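Just one chain follows, in the form deposited in one PDB entry, and it is written as structure tokens.
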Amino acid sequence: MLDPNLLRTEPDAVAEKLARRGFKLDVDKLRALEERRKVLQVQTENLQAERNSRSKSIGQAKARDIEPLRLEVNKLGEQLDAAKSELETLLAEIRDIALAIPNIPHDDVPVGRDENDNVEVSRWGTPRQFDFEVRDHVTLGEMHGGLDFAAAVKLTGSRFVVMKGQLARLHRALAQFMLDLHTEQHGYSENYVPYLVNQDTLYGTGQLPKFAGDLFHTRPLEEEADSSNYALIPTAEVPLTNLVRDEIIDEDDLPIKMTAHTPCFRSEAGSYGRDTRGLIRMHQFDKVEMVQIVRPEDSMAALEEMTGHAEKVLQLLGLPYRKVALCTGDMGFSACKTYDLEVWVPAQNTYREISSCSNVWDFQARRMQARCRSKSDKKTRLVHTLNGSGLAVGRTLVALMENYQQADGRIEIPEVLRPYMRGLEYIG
């Protein structure tokens, strides 16, 4: 959520910055609600005061007939409860609006309508020239018997996979390599997190209220009927960022750099048509996430650092990619600035997204009440949060299989992964 006082003080300026995302801030409705809120707030607080006073008058005469006084306190209590509910319903209408507002893009972000307006910043490696017709990862999967989509339709349904044997081992090897890289060389602490999360968590990172439809939701448990409305995690950004919810972190302890290897679950609503075949656009997919909790003045530097960490995975793996600065119109909900790394995909003859590194500014920190404090001063302030994949494991497996395929369909194991595969050079 945006700073409420920034919406109060200069709403036309924030609406202008938000218009660059293609978002129309309803400034008039927000104002009309806010003006009614002050009227209800003065009435409620006056009722609270007079109920508190009449309650004290009873206990004073009780020591000294507490009946005509007792009736009045019940009439005021009825009045105050009605007043408080009426105010709360209005507070809930303001929240419906405020919490559906995307983040203000930082001035570094190029102005754009959509993905066609994204700016290329960097490019690394040169796409492989093949001496045969390139096979896709699905075709190679079938040749090895290692990627079985039909078995996953049988166990579950569409947009699921069963990996079998050496290709399943290679997928594990990729995740191990990424976790070891970030924990051993990049200063990230490793975490095992729940894959089911509550509504507070989802509100905290921005999935709720606007993106409930993107999630798999669980039915409450009979023995936890009022505390088990859970959703499956769509990214480890959700559990990891929420670890600092309702915390005051000493600035000396920042940055907090966390990594996790988890499955991610997406309903893929609206994706009716785009990427029907393959490990791309799945309901279930593994990712090795990087999350940073930093001091407000270090977030821009941390973004460059984190993007560099995801780039390092691609470079060590010998996978050519392009680095893209996302424009105002192609950014995710919580982000103020984003870099997407797009890996070369031989069968698609283009680069495809494999990492999306974002600086969230204080947008999630405000929702979570995540703040920091220098012991030197009497001043707490919201932290900045960042997240990015290093990398989407399923998409890395696609890029690896396709870029390293041999004429006969064998997969060459990238040199940096051979220690993770007992020195094995080829699958097949």
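Note that residue numbering follows the sequence shown and begins at 1.
Not pictured, yet referred to below: the form solved in complex with a small molecule.
*Asks:* Heavy atom to heavy atom, is residue 287 within 4.5 Å of the small molecule in the deposited bound form?
*Replies:* Close contact exists here: in the deposited bound form, residue 287 approaches the small molecule to within 4.5 Å, heavy atoms only.
*Asks:* Counting only non-hydrogen atoms and a 4.5 angstroms cut-off, does residue 354 reach the small molecule in the deposited bound form?
*Replies:* Contact check for residue 354: yes, within 4.5 Å of the small molecule in the deposited bound form.
*Asks:* Considering non-hydrogen atoms and a 4.5 Å limit, does the small molecule approach residue 392 in the deposited bound form?
*Replies:* Residue-level check for residue 392: yes, a contact with the small molecule.
*Asks:* Is residue 266 close enough to the small molecule in the deposited bound form to count, meaning some heavy atom within 4.5 Å?
*Replies:* Within the cut-off, so yes.
*Asks:* Of the listed stretches (399-407, 366-374, 43-51, 380-388), which one has a non-hydrogen atom within 4.5 Å of the small molecule in the deposited bound form?
*Replies:* Answer to the contact question: 380-388.
*Asks:* Identify which of 313, 174, 256, 282 has a heavy atom within 4.5 Å of the small molecule in the deposited bound form; exactly one of them does.
*Replies:* The residue from 313, 174, 256, 282 that makes the contact is 282.
*Asks:* Considering non-hydrogen atoms and a 4.5 Å limit, which listed residue (201, 328, 235, 103) is close to the small molecule in the deposited bound form?
*Replies:* When the small molecule is considered in the deposited bound form, the option within 4.5 Å is 235.
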